[PDB]
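Down below is the structure, laid out as structure tokens.
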Amino acid sequence: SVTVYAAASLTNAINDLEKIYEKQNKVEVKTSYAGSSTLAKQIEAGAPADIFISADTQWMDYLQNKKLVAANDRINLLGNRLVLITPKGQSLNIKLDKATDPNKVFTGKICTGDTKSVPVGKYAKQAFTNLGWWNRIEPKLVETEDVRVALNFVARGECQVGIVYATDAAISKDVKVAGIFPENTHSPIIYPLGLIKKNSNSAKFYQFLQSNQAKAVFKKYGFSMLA
Ligand code: MOO
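Residue numbers for the sequence shown follow the entry's author numbering, beginning at 11 and rising by one.
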């Protein structure tokens, strides 16, 4: 058996790859999805994850500083982009530029991950700060513990705007993209892949996630493959 803990934005891609791997090997693949913060803290407390995939560098560094992953047992696997979303049927087009006034374009709540801890929220806070929007954005926030909880709040029309990854917008027919954050507003969205337990089965799955077969699945869902 191999246990994989993965950022919630990876739910669909990793589910697809788990089914492929189980058809190709006599191995059971157990998956757990949540915010990268929650998952890293659980591993620190002893959760038996063999493999961890974070939605940012920071939560993998968090484990490395605790000696739970070695520098040579992690690789930058995927990239993403940050987007604004709206419920389908309440479409908007908003330019993520300092010239835009967030008090004019955001007239309800803004749903995203917790800006202190969840990767999507940390990237969002970087962008708001870069744009000079933070003190006008913060009073509007509804914060969740992973990006998919935020996606669902917007999909159900419970929040007028959300901030999710491009791949999250693509997976939900119930939300539309209202704007794409320029890359220079935040740190690059990078997913490090980490081998936490070093054994035969875990090493094989860690290599499989880097394989040509896995590339096709990640690209299908809209992730970029990192060089
Ligand atoms: O760790 Mo996430 O994929 O930003 O919820």
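For each residue, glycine too, the CB sits at the ideal point set by N, CA and C.
Item                                                                                                                                                                      : Value
If you draw a straight line from the alpha carbon of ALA50 to that of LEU27, how long is it in whole angstroms?                                                           : 21 Å
Checking 8 Å against the spacing of the C-beta atoms, do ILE95 and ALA17 come in under that value?                                                                        : no
Name the one or two DSSP bridge partners that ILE200 has.                                                                                                                 : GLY89
Rank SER64, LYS183, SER234, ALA59 by C-alpha distance to the C-alpha of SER101 and give the top, closest one.                                                             : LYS183
Rank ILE85, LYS119, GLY99 by C-alpha distance to the C-alpha of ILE63 and give the top, closest one.                                                                      : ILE85
Can you list, in chain order, the residues of its chain with a C-beta nearer than 7 Å to that of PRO198? Leave out the 5 residues immediately preceding and following it. : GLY89
Could you tell me which residues DSSP pairs with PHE62 in its beta bridges?                                                                                               : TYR15, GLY204
What's the C-alpha gap between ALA224 and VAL187?                                                                                                                         : 26 Å
Closest to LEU151 by CA distance: which of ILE24, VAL171, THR21 is it?                                                                                                    : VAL171
Just list the residues that DSSP pairs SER234 with in beta bridges.                                                                                                       : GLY89
Which word fits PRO97, buried or exposed, when buried means at least 16 other C-beta atoms lie within 10 angstroms of its C-beta?                                         : buried
Between which residues of its own chain and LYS108 is the CB-CB distance below 7 Å, once the five residues before and five after are set aside?                           : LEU141, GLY142
Do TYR175 and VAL157 have their C-beta atoms within less than 8 Å of each other?                                                                                          : yes
Going by Cα to Cα distance, which pick from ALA59, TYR201, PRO149 is closest to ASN113?                                                                                   : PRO149
Let's test the definition: count the other Cβ atoms within 10 Å of the Cβ of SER11 and tell me whether it reaches 16, buried, or not, exposed.                            : exposed
Let me make sure I understand the geometry here. Which of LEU78, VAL164, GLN68, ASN194 has the alpha-carbon closest to that of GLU54?                                     : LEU78
Leaving out the 5 sequence neighbours to the left and right, which residues in its chain are closer than 6 Å to residue 238 when beta-carbon positions are compared?      : A question about residue 238 goes unanswered here, because the residues of the chain that appear run from 11 up to 237.
List the DSSP bridge partners of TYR175.                                                                                                                                  : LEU92
Can you grab the Cα-Cα spacing for the pair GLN68 / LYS119, in whole Å?                                                                                                   : 27 Å
Considering only the alpha carbon of each residue, which of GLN34, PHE191, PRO58, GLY45 lies closest to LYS214?                                                           : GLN34
According to the neighbour-count rule (16 or more other Cβ atoms, all chains shown, within 10 Å of its Cβ), is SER19 buried or exposed?                                   : buried
Which term fits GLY189, buried or exposed, when burial requires 16 or more other beta carbons within 10 angstroms of its beta carbon?                                     : buried
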